[PDB]
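So the protein lines, in turn, are chains A and B.
All letters in the first sequence, in the order written, are residues 305 to 330, 337 to 461, 465 to 548 by PDB author numbering.
All letters in the second sequence, in the order written, are residues 305 to 330, 337 to 461, 465 to 548 by PDB author numbering.
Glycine included, each C-beta is placed from N, C-alpha and C at the ideal position.
For reference, the structure discussed in these notes is given below.
Number of protein chains: 2
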Amino acid sequence: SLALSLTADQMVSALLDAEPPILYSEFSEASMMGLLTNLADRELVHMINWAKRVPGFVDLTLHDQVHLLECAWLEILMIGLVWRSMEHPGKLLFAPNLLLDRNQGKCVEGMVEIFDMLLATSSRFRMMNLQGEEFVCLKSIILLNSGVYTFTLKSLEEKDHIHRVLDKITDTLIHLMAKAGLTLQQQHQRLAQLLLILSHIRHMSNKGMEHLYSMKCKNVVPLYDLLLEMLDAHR
Amino acid sequence: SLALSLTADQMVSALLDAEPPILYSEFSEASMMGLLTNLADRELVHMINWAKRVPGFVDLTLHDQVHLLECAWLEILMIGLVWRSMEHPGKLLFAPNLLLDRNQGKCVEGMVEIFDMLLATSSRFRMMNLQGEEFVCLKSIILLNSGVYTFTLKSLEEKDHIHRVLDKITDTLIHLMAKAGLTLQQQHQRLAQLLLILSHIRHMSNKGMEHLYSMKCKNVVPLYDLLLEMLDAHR
Ligand SMILES: C[C@]12CC[C@@H]3c4ccc(O)cc4CC[C@H]3[C@@H]1CC[C@@H]2O
Ligand SMILES: C[C@]12CC[C@@H]3c4ccc(O)cc4CC[C@H]3[C@@H]1CC[C@@H]2O
């Protein structure tokens, strides 16, 4: 596997390279859910493409790739938002031309809490001064670790492969940190601080599907096909 | 804060010491949900006690302690189960005298998937040969990190405190690993492997409340007060 041969430096660039393009967005509960939902549906296409370039991904069986995708779509979309929203304290930059503010969350039922969790993460990223090389690694960790406990003998081999690439990505992270000259102890603390945010992202994502789902049941969400597909995987 | 002064060794023992007693359990969807639910309600009591002894906990305001508790109760209960279920492949040891098997999950509606996730975690713990000192540390990390992004100036101080203790627990983990003689590189890989399971635990707990909540709506779950209290915090 290429994954298992690249050096921390190649890995980082490979990842830096797979990054997708930033889309542009095309207010009432319905009008807002529409934009947000539309933007999501569009990034989903890019997402799939990006997934194909994360070192090691393509080595899984075609159904396993769909599984990780279906499992982490919203997590991936949320860390992206968080990351691009970093330098806009108190706001969320869905797009370069769509910058909602906390209070605009009140437009849709039950959205403010999600916005709140999103802002808090965004803020934590600001405080830790998260680097783009770090960002790109976490995003791949999310893609690979989220659906791993839900994949038999081919699964055991699929699980190892994933664990193995996850170790490589870990090494890349530490590599990056040492290069920024953090003590060996600061390196292990940052690592742990970064990976503990992933829990919150899981948390948020779970609340996000639950919400997107009621929005769909209330018939407020449009019929975007790829987005309903990813949402159904979960239900 | 004591927390910030203990040495990795004292930290470990302090944690090893706070461990609660193992309860004993006192089949139809209703009869099963009853046992499971009853057992949970009982461990909740011990849980609160235990939380009071996790170094640094007691330094938070009284309401923040209730908040972390309300936030991580089911995550805590689930890692405990998983941990005690380790050496019983394919089974879940709720109690010393209550050992359900995967298929017994089918008794209650929607429970098998939860059991499945539980088994998978239990299995991963087996594979990594998770030590008790490690177990005790992760459990505290869960208690402290889960409700941290949902706590102002006192909050900023509360958040730092928590981040601080989190680093100390991180150091304790590494300390443990080095003592078992793992290379510096195996140390950082194991760390990341241990913390990534926390995501899955978050995920499982989220599904678990969703389920316990429908079980309650279907009027199958008894009226245990402490358990309804923790469940309501989430809703
Ligand atoms: C899924 C939601 C609509 C799509 C939103 C979105 C849309 C695009 C995007 O890049 C990130 C997110 C984060 C929050 C998501 C929202 C969570 C609640 C809502 O249902
Ligand atoms: C909360 C549930 C009943 C209580 C169960 C329990 C009860 C006691 C315990 O120590 C661990 C768990 C793990 C799974 C929990 C279940 C998840 C689904 C169910 O509703």
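Shortest alpha-carbon distance to residue i belongs to which of the options?
| i | options | result |
| --- | --- | --- |
| B/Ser456 | B/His501, B/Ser512, B/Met343 | B/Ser512 |
| B/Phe337 | B/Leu387, B/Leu410, B/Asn439, B/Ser468 | B/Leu410 |
| B/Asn532 | B/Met343, B/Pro325, B/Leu479 | B/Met343 |
| A/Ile451 | A/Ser527, A/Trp383, A/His547, A/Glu339 | A/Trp383 |
| B/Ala493 | B/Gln441, B/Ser433, B/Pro325 | B/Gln441 |
| B/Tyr526 | B/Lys481, B/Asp545, B/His398 | B/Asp545 |
| A/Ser329 | A/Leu310, A/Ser305, A/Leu408, A/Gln498 | A/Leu408 |
| A/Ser395 | A/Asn359, A/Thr371, A/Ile326 | A/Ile326 |
| B/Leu310 | B/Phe435, B/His488, B/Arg515, B/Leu497 | B/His488 |
| B/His398 | B/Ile424, B/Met357, B/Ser433 | B/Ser433 |
| B/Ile482 | A/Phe425, A/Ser468, A/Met528, A/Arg503 | A/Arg503 |
| A/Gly400 | A/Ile514, A/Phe435, A/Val376, A/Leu372 | A/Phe435 |
| A/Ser468 | A/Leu349, A/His373, A/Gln314, A/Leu345 | A/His373 |
| A/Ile514 | A/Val392, A/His501, A/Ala405 | A/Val392 |
| B/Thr465 | B/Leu345, B/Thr371, B/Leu349 | B/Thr371 |
| B/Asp538 | B/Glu339, B/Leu349, B/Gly415 | B/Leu349 |
| B/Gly521 | B/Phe425, B/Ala405, B/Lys416 | B/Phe425 |
| A/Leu345 | A/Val534, A/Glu470, A/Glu471 | A/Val534 |
| A/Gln375 | A/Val458, A/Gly415, A/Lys529 | A/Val458 |
| A/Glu339 | A/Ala405, A/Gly415, A/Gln314, A/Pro406 | A/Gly415 |
| B/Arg548 | A/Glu423, A/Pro324, A/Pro406 | A/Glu423 |
Is residue i near ligand 1, judged by its Cβ being under 8 Å from some heavy atom?
| i | result |
| --- | --- |
| A/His516 | no |
Using DSSP's beta-bridge definition, name the partner residues of residue i.
| i | result |
| --- | --- |
| B/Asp411 | B/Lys401 |
Taking the CB atoms as reference points, tell me whether residue i and residue j lie closer together than 9 Å.
| i | j | result |
| --- | --- | --- |
| A/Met543 | A/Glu380 | yes |
| A/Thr460 | B/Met427 | yes |
| B/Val364 | B/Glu443 | no |
| A/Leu319 | A/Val446 | yes |
| A/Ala312 | A/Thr485 | yes |
| B/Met438 | B/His524 | no |
| A/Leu387 | A/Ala361 | no |
| A/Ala307 | A/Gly366 | yes |
| A/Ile389 | A/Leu454 | no |
| A/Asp369 | A/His476 | no |
| A/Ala505 | B/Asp480 | yes |
| A/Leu354 | A/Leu540 | yes |
| B/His516 | A/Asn359 | no |
| B/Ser341 | B/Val478 | no |
| A/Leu403 | A/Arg412 | no |
| B/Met490 | B/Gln499 | yes |
| residue 336 of chain A | B/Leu508 | Chain A lacks coordinates between 330 and 337, the interval that contains residue 336 of chain A. |
| B/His356 | A/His501 | no |
- Beta carbon nearer than 7 Å to a non-hydrogen atom of ligand 1: A/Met343, A/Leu346, A/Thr347, A/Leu349, A/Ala350, A/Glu353, A/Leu384, A/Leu387, A/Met388, A/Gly390, A/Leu391, A/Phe404, A/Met421, A/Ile424, A/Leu428, A/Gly521, A/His524, A/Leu525, A/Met528
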